[PDB]
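Undergrad: Pasting a structure below so you can have a look.
Coordinate-derived values only; no laboratory data. A quick note on method: Cβ atoms are made from the backbone with ideal geometry, for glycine too, and the neighbour counts reach across all protein chains shown.
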């Protein structure tokens with residue numbers, strides 16, 4: 001391979017790999033960040 | 001002076017060599033080479 005990304009190009013990767021290579025967690029699989037699964041209240045005035 | 005938008009041949013430098021330092025002759029051929037192709041394209045394979 002020749003090209004190489006110089007910076008980070010993974011902000012849109014929620015999850016990588018649902019396998020189980022040894023019937024356990026694959027040692028480099030990525031589950032989503034806890035930031036994207038938050039359900040907080042809304043200020044009852046302007047959604048938000 | 002005259003011009004030519006020509007790049008597919010030479011057809012403009014012709015003559016006999018008169019000395020191993022002669023600088024105005026025609027054109028002689030060159031070693032018959034081969035493909036030697038190896039692009040640089042993000043996970044190309046072996047072909048060894």
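Undergrad: State whether one or more residues within the range B:15-30 are surrounded by 10 or more Cβ atoms within 10 Å (Cβ to Cβ), within 14 Å of chain A (Cβ to nearest Cβ), out of contact with any helix residue (DSSP H, G or I) (no Cβ under 8 Å at 6 or more places or on another chain) and without any contact (Cβ under 8 Å) to a residue 12 or more places away in the chain.
TA: Restricting attention to the range B:15-30, the residues satisfying the condition of being surrounded by 10 or more Cβ atoms within 10 Å (Cβ to Cβ) are B:17, B:22, B:24-27.
Add one more test, that the residue is within 14 Å of chain A (Cβ to nearest Cβ), and what stays is none.
Within the range B:15-30 (the criterion being surrounded by 10 or more Cβ atoms within 10 Å (Cβ to Cβ), within 14 Å of chain A (Cβ to nearest Cβ), out of contact with any helix residue (DSSP H, G or I) (no Cβ under 8 Å at 6 or more places or on another chain) and without any contact (Cβ under 8 Å) to a residue 12 or more places away in the chain), the answer is no, since none of the residues qualifies.
Undergrad: Against the definition (away from chain A (no Cβ under 14 Å), surrounded by 10 or more Cβ atoms within 10 Å (Cβ to Cβ), over 30 Å from residue A:5 (Cβ atoms) and without any contact (Cβ under 8 Å) to a residue 24 or more places away in the chain), how does residue B:2 come out, yes or no?
TA: Working: away from chain A (no Cβ under 14 Å): yes; surrounded by 10 or more Cβ atoms within 10 Å (Cβ to Cβ): no; over 30 Å from residue A:5 (Cβ atoms): yes; without any contact (Cβ under 8 Å) to a residue 24 or more places away in the chain: yes.
The answer is no for residue B:2.
Undergrad: While we're looking at this one, here's another question. Starting from the range A:1-18, keep only residues that are within 14 Å of another protein chain (Cβ to nearest Cβ), then list their pairs with residues that are surrounded by 10 or more Cβ atoms within 10 Å (Cβ to Cβ) whose Cβ atoms are within a distance under 8 Å, requiring at least 6 positions of separation or different chains.
TA: Going by the 8 Å Cβ cut-off, the qualifying pairs are A:1/B:44.
Undergrad: Right, residue A:17: out of contact with any strand residue (DSSP E or B) (no Cβ under 7 Å at 6 or more places or on another chain), at positive phi and surrounded by fewer than 10 Cβ atoms within 10 Å (Cβ to Cβ) or not?
TA: For residue A:17, the condition - out of contact with any strand residue (DSSP E or B) (no Cβ under 7 Å at 6 or more places or on another chain), at positive phi and surrounded by fewer than 10 Cβ atoms within 10 Å (Cβ to Cβ) - is not met.
Undergrad: Does the range A:23-31 include one or more residues that are closer than 29 Å to residue B:41 by Cα and within 14 Å of chain B (Cβ to nearest Cβ)?
TA: no
Undergrad: Can I ask one more? Suppose we filter the range B:32-48 for residues that are away from chain A (no Cβ under 14 Å) and within 21 Å of the chain's Cα centre (by Cα); how many remain?
TA: Looking only at that region, the number is 6.
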